[PDB]
There are 2 protein chains.
Amino acid sequence: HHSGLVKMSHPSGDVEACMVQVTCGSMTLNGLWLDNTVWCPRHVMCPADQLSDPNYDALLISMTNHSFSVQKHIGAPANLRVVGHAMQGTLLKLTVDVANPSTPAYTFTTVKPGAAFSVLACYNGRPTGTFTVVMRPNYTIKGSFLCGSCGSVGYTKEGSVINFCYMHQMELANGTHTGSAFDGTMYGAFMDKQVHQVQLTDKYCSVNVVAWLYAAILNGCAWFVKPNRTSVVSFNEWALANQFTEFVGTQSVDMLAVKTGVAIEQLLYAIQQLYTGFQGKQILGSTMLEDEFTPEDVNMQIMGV
Amino acid sequence: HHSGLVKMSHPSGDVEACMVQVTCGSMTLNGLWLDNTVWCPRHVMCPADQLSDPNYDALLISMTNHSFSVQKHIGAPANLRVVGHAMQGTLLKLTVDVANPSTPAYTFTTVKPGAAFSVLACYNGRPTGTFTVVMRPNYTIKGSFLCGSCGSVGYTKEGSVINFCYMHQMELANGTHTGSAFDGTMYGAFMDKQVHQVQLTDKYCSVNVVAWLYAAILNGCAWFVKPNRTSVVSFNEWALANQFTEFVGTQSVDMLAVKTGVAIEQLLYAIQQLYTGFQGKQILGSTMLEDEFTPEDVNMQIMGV
Ligand SMILES: *[C@H](O)[C@H](C[C@@H]1CCNC1=O)NC(=O)[C@H](CC(C)C)NC(=O)OC[C@@H]1CCC(=O)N1Cc1cccc(Cl)c1
Ligand SMILES: *[C@H](O)[C@H](C[C@@H]1CCNC1=O)NC(=O)[C@H](CC(C)C)NC(=O)OC[C@@H]1CCC(=O)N1Cc1cccc(Cl)c1
Ligand SMILES: [Mg+2]
Ligand SMILES: [Mg+2]
């Protein structure tokens, strides 16, 4: 029995119309064109012989408006003249002489661990694929990015407003990925330098495991539900010793509790038991806990909220 | 260690610009507007009191051009006047008086079991999400569709050409989904009537399991590779008794064999052993065989082909 859950991304068209290619010297990557600004990773300025220890302040001062080439390829092709440049943290803000006529309503936000967002993967300013990820507790994502993908963007959508939350920068040794928010800060403790870096421990996202257990109940799969309960405070002490995030309830989780009649604390107890082993049973076709679906995913995809 | 694989859909913008809402009486669902034609499921003509045994021939003859309302909501809003109507299998072909100015280059094709395609889920003519599925051996997909989603479309893309392959029609009792190709045939033995239907057995897609094992090797995970080999003919006899599809090699699989230096027949042997149990080990974080990634997915996402 299929749960009705899939990895569901936002439709990408509004963001596709904002992707451009940015070239500086021998480096090329993607940028995001909104109004008269093009955002891109600052390492586009870095020659390959300096990627391990760039002096971005000196690289910035070495630039002229003539140093940057910006091109839009699809739909409404254009070469965009750069008329100013500035650095914000790990991003460049290029000012261009044409305002993007397809600029959507937008904001910039930071995404938190456990929350999902959609990514538009792009190469040479051309969108090639879209996928959804959850921000991990260690501020990486389990993405799919190759050389040339930097400047690919991640976003959520509220109504017609696009909330841009991620610009892709790097791949870590364990195959995960990280990038910057549009305030220019890297997620986590990462730096935009080509050196090996400490990656913090990942953890199971407890709130998302709870969501998935609710999805199981909504599909008639409830063998793991017992009268037994663990309080949020007690579960959270356990979580710290067992590589789980501390649980913080939300209205979205509460809606699942009301619909199913199963209390959060019943599922916190179930998690503690299931973490020790599923005893040969499956939940929604899985023999391990799943944390890649959010309470909102379950509310939207199964309950049609 | 993350494999670098995600469920990767095509960018959806070109298809978003083709989605419309179609209403006939009390029924509303989605349609696809290409050139001067709008395709939609024929059950838009059916009143709720007849969904279990519609007489579609009589329903069709009962229609006039005045029976259909077609509306485009996003981007370039429009009410489209219907000037003709016809039925092709389980689809209606409505002729409208305006050609869609955003019609992409396109073809219609049928997708085969094991192959992946992208879906644009829509409600009331408004795109709401995108996801990717593989056509199952029993001609269902494991999608995410609710009331109002019929007429949502699935497609692949070759260069700039969109190959439309699926129009959504129904949900089966086990939570999976099916629909029609654009020749109007339903996938499988299904009928577009609101009655319970025999669903054929699903099977593991052997070629996709092979692909995933190659993805594991490309990530340094090869504990399951031994000198032992099973021939394609021998594996295929085994597959018939063990709920696997028969294996048919392709150039895409051969590219993985060349890159890794591991023969297909080594992985056919591994599958037979792994099907009996993983012995407490994991492959790419999983304790069961994975068949939801294609050889092309692995070539593109990991090898950048
Ligand atoms: C931008 O297009 C790419 C995207 C990468 C390429 C492969 N997949 C991706 O997601 N980004 C990079 O190439 C960055 C650029 C720096 C300036 C941020 N480099 C990168 O990710 O490689 C270095 C990474 C940094 C963390 C780490 O562990 N790295 C490996 C490493 C460390 C030290 C030396 C070397 Cl040669 C590699
Ligand atoms: C179109 O928007 C919907 C999409 C569905 C709704 C829920 N999720 C979806 O994917 N399609 C339908 O409602 C179809 C319409 C018919 C005319 C094709 N109906 C449908 O899928 O429900 C009936 C299905 C058919 C196979 C089956 O097992 N069904 C259950 C069933 C059987 C007999 C009677 C009843 Cl009331 C339901
Ligand atoms: Mg990798
Ligand atoms: Mg369901």
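Only this structure's heavy atoms are used, side chains among them; waters, hydrogens and symmetry mates stay out. Order of the sequence lines sets the chain letters (A, B, ...), proteins ahead of strands, with each chain counted from 1.
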Next item on the list: Look at the side chain of A/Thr176 and the backbone N and O of A/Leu172, then say whether any donor-acceptor pair between them is shorter than 3.5 Å.
Entry: no

Notebook entry, point to check: Which pair of heavy atoms, one from A/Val44 and one from A/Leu92, lies closest together, and at what distance?
Noted result: CG1-CD1, 3.8 Å

Notebook entry, point to check: Is a side-chain N or O of A/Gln169 found less than 3.5 angstrom from the main chain of A/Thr90, in a donor-acceptor match?
Noted result: yes

Checklist line | Minimal non-hydrogen separation, A/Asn138 against A/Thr201, with atom names | finding: CB-O, 3.4 Å

Next item on the list: State, with a plain yes or no, whether a side-chain heavy atom of A/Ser180 is found less than 4.5 Å away from one of A/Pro41.
Entry: no

Note to self: Just so I know, are the side chains of A/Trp212 and A/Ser286 near enough to count as touching, which here means a heavy-atom distance under 4.5 Å?
What the structure shows: yes

Margin query: Tell me every residue that passes side-chain hydrogen bond (donor to acceptor under 3.5 Å, both in side chains) with A/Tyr214, counting only those two or more places apart in sequence or in another chain.
Written below: none

Notebook entry, point to check: Taking the side chain as C-beta and beyond, is there a heavy-atom pair between A/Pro113 and A/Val134 under 4.5 Å?
Noted result: no

Checklist line | Check against side chain to side chain contact (heavy atoms under 4.5 Å, CB included), A/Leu213 and A/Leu274 | finding: CA-CA 11 Å; A/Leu213 292 179; A/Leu274 290 166; 4.1 Å; yes

Notebook entry, point to check: Considering residues at least two apart in sequence or located in another chain, which fulfil the ring-ring contact (aromatic ring centres under 6.0 Å, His included) criterion with A/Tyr106?
Noted result: A/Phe108

Margin query: Holding to ring-ring contact (aromatic ring centres under 6.0 Å, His included), I want the full list of residues that pass it with B/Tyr204, two or more places apart in sequence or in another chain.
Written below: B/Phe244

Next item on the list: Mark yes or no for whether A/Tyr56, through its side chain, and A/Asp192, through its backbone, hold a donor-acceptor pair below 3.5 Å.
Entry: yes

Margin query: If I compare all heavy atoms of A/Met19 with all of A/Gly151, which pair ends up nearest, and what's the gap?
Written below: CE-O, 3.7 Å

Next item on the list: Indicate whether the side chain of A/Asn65 and that of A/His85 have a donor and an acceptor atom separated by less than 3.5 Å.
Entry: yes

Item checked: Under 3.5 Å: donor-acceptor pair, side chain of B/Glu16, backbone of A/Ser12 -> yes

Margin query: Minimum heavy-atom separation for A/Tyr123 and A/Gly148, please, with both atom names.
Written below: CD2-C, 3.6 Å

Margin query: Using side chain to side chain contact (heavy atoms under 4.5 Å, CB included), reason through A/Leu29 and A/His43 one step at a time and then give a plain yes or no.
Written below: CA-CA 9 Å; A/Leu29 43 57; A/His43 73 257; 3.9 Å; yes

Next item on the list: Return the minimal non-hydrogen interatomic distance between B/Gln266 and B/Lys226, and the atom names on each side.
Entry: NE2-O, 2.9 Å

Note to self: Any heavy-atom pair between the side chains of A/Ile271 and A/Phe247 that's under 4.5 Å?
What the structure shows: no

Next item on the list: Give, for atom NZ of A/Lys142 and atom CG of B/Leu5, the distance between the pair rounded to the nearest 0.5 Å.
Entry: 12.5 Å

Notebook entry, point to check: Would A/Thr140 and A/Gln199 count as having a side-chain donor-acceptor pair, cut-off 3.5 Å?
Noted result: no

Note to self: For residues 54-70 of chain A, which residue pairs pass the salt bridge (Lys or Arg N to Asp or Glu O under 4.0 Å) check, not counting sequence neighbours?
What the structure shows: none

Check: So, A/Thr156 versus A/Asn163: side-chain donor-acceptor pair below 3.5 Å or not?
Finding: yes

Notebook entry, point to check: Below 4.5 Å, heavy atoms only, C-beta onward: do A/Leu59 and A/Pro47 meet side chain to side chain?
Noted result: yes

Check: Is a side-chain N or O of A/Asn79 found less than 3.5 angstrom from the main chain of A/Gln71, in a donor-acceptor match?
Finding: no

Notebook entry, point to check: So, do A/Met170 and A/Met186 sit near enough that their side-chain heavy atoms are less than 4.5 Å apart?
Noted result: yes

Checklist line | Test item: A/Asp35 side-chain N/O and A/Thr37 main-chain N/O as donor-acceptor pair under 3.5 Å | finding: no

Next item on the list: Look only at the side chain of A/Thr245 and the backbone of A/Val207, and say whether a donor-acceptor pair between them is shorter than 3.5 Å.
Entry: no

Checklist line | Shortest non-hydrogen contact between A/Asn208 and A/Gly114, atoms and distance | finding: ND2-O, 2.9 Å

Next item on the list: Report the C-alpha separation of A/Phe117 and A/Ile141 in whole Å, then their side-chain angles, then the decisive distance to 0.1 Å, and conclude whether the side chain to side chain contact (heavy atoms under 4.5 Å, CB included) test is met.
Entry: CA-CA 10 Å; A/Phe117 62 100; A/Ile141 59 170; 3.8 Å; yes

Check: What residues, two or more places apart in sequence or in another chain, satisfy salt bridge (charged side-chain N to carboxylate O under 4.0 Å, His left out) together with B/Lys7?
Finding: B/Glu292

Next item on the list: Taking A/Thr128 for its side chain and A/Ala121 for its backbone only, find out whether a donor-acceptor pair lies under 3.5 Å.
Entry: yes

Margin query: Between A/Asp183 and A/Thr185 (side chain of the first, backbone of the second, donor and acceptor by atom type, cut-off under 3.5 Å), is there such a pair?
Written below: yes

Margin query: According to side-chain contact (heavy atoms from CB on, under 4.5 Å), who are the partners of B/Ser118, at least two apart in sequence or on a separate chain?
Written below: B/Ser9, B/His10, B/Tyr155

Notebook entry, point to check: With B/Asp297, which residues qualify under salt bridge (charged side-chain N to carboxylate O under 4.0 Å, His left out), at least two apart?
Noted result: none

Checklist line | CZ on B/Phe131 to CG on B/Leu120, rounded to 0.5 Å | finding: 9.0 Å

Item checked: Flag, side chain of A/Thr130 to backbone of A/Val119, donor-acceptor distance under 3.5 Å -> yes

Notebook entry, point to check: What residue pairs, at least two apart or across chains, pass salt bridge (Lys or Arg N to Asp or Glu O under 4.0 Å) with a residue in residues 130-141 of chain A?
Noted result: A/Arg136-A/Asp202, A/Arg136-A/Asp291

Check: Can the positive tip of A/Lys72 be found less than 6.0 Å from the middle of the six-membered ring of A/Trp33, inside 45° of the ring normal?
Finding: no

Next item on the list: Check the pair A/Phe164, A/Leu34 against side chain to side chain contact (heavy atoms under 4.5 Å, CB included), reporting the backbone distance first and the verdict last.
Entry: CA-CA 11 Å; A/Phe164 291 106; A/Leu34 305 166; 3.9 Å; yes

Next item on the list: Could you grab the distance from atom CD of A/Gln273 to atom CD of A/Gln279, nearest 0.5 Å is fine?
Entry: 9.0 Å

Check: Got A/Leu60 and A/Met45 here, is their nearest side-chain heavy-atom distance under 4.5 Å?
Finding: yes

Checklist line | Atom pair CE/CG of B/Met300 and A/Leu146 - distance to nearest 0.5 Å | finding: 11.0 Å

Margin query: What's the separation between atom OH in A/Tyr166 and atom OG1 in A/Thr178, rounded to the nearest 0.5 Å?
Written below: 5.0 Å

Margin query: Just to verify, what does B/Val305 make a side-chain contact (heavy atoms from CB on, under 4.5 Å) with, not counting sequence neighbours?
Written below: B/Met255, B/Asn299, B/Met303

Checklist line | Gap between atom CD of A/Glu171 and atom OG of A/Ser144 - 0.5 Å precision | finding: 9.0 Å

Checklist line | Non-hydrogen side-chain atoms of A/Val232 and A/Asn236 separated by less than 4.5 Å | finding: yes

Item checked: With B/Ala216 via side-chain contact (heavy atoms from CB on, under 4.5 Å) - residues at least two apart -> B/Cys221, B/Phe224, B/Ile283, B/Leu284

Next item on the list: Applying side-chain contact (heavy atoms from CB on, under 4.5 Å), name anything that partners A/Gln282, two or more places apart in sequence or on another chain.
Entry: A/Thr287, B/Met288

Next item on the list: Could you tell me which residues satisfy ring-ring contact (aromatic ring centres under 6.0 Å, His included) with A/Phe235, sequence neighbours excluded, listed by chain and number?
Entry: A/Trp238

